[PDB]
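Laid out below as structure tokens are two forms of one and the same protein chain, each shown alone and named structure 1 and structure 2.
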Structure 1
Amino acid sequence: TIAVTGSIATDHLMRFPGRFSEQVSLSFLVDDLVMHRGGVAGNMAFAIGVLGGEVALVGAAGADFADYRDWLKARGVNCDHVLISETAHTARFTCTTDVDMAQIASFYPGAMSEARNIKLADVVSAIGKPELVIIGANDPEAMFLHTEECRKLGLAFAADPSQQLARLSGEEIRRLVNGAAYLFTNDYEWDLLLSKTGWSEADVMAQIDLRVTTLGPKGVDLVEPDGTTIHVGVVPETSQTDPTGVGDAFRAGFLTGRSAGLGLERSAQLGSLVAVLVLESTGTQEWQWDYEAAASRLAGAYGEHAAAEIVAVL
């Protein structure tokens, strides 16, 4: 049972058919505008549900969440513990993506700010202790309180600060990392974390059980404290539609695989599959799950043996 904390949002996604090239008053004429369900916690919960996992969504939304709830619940997500603001609206992510998958975005937190009032003790009380708590991009204070609560209650947690790393300070990031069963970042975020925390690579590795560093088209690295390193290349894409939510999908597929008892490499291969499915669609939860297509692409990228091992648990 995975508890997913983080932002719940509506993503307003636009497509610019050009290349961001301005060199202030930028204006981009866009040829596509879609509104989809989003937020890192929503994306990851959706993906874990679709893949058949036991998952609860733990975040702060406004009252408009009804339809979103019905969507998530239809894929097995426990939405009981979504905090609903009576006054604030759900967070909104507004993003314009160009031909090269470069993004210009703005994020309005709104109801997300109230996530600091959520107590994991209540979720535990209601559902028992989850096997993993994902501390995703959220209200910063909510992130700290969730992490501290996980440490006090003995809950294994995955640090997934993601977009909020830019906002947070060194002391803040440091307070987020110690004791994590997983640390998730991309490579640029990994460099930024090392810089801001003042930690060396070995400083971080001595405080976590596993580092997962996504590398975009170069795949993903999984590094154990002793230096054991697994590199998993991407599932090659047939199109680059929109990069929004690709990292969330990788994390969700990877942690679903781990929850199904798969090894590190097999879990990362499954995560790579879900990631490419998200890369090839517009929106973070618009991707479809086709069992046979999944088997086929997994086998093409990683071999029939790995594909069979992966699909056997889904």
Structure 2
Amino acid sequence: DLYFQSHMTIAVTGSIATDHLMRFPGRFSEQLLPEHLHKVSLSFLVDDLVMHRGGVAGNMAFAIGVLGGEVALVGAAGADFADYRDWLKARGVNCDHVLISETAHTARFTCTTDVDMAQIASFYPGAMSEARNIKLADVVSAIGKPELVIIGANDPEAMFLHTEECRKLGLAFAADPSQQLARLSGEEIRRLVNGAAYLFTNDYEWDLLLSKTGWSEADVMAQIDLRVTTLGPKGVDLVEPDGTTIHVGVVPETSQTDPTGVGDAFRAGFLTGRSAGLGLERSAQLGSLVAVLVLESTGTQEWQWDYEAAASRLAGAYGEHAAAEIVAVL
């Protein structure tokens, strides 16, 4: 692809939503009877309901912007998006390539979190379904070739069309299907993975992807450059095709407030570090910090970047060398 380069820009594709977050003051697992998983009938009486900006692409773009990166949000929203746009522009996110639906509502995420941070949610797409009409070729024409396109959870068809466009245009992409692994068939999952510079999942999603694709881990590692699997309280594994695994533990949290968007924040921080020339371990350390700041705040985009508190906390979790390197590049 002989077209001109964007200056260090990440293009973030995926959902743009309003998040309705609720808390269940019990444990989902206690109500989940193995004997009955074939047909659950479950309704959780919640304590709390709060509304926040969301969507995986909105969350990740926000985080890249807060960290000072160049980032373009690519997704479909409803006519209400003008206000969300101002919020994202306040952190330096380029929103020029958001498709604004003429008729449909911005997507709605309705999520219940229990006391163990397990989550069970619905996602009503609305305008998200129009993302299949977005042409990444037009984005590239306007801003240049991105360093990386993130293929986040989106309209299912769009997830594939965007991946195919990256392949034919020679753009590096990150396969980041997260929540849609539940909706996507095995065939639909398998066609998103080949050639990915990164595959991101949490541990549950990794097992789910293997289960639904019928692939072994070796089948996956043969076709990607790096697997990144987050492990809840055990941190993150970064695994290369030759098996070399780098592990990074979490940043100790002060509160476990709301896990929504913690993975999105990790991905944003990690990819920011990678764009900034940091290695795998240093990038995942930075990612782990943004993750914990999202875990300690309600909502996905309700956290702040204070450079000296960040430096101090990185040093406290990983040593002074890591902290110096990381804050230095920001």
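Residue numbering: structure 1 sequence, from 1. Between two forms, the rigid core is the largest collection of C-alphas that superpose within 1.5 Å.
- Core-based superposition between the two structures leaves all of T213, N178, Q103, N117 but one with CA shifts under 2 Å; the exception is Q103.
- The two forms, fitted on the rigid core, differ between the two structures by less than 2 Å at the CA of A295.
- Positional change of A306 between the two structures stays under 2 Å at the C-alpha, relative to the superposed core.
- When the rigid core is held fixed, the Cα atom of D31 travels 2 angstroms or more between the two structures.
- Here the two forms are laid over each other by their core, and the C-alpha of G18 is off by 4.2 Å between the two structures.
- The two forms line up on their rigid core, and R151 then has its Cα shifted by 0.2 Å between the two structures.
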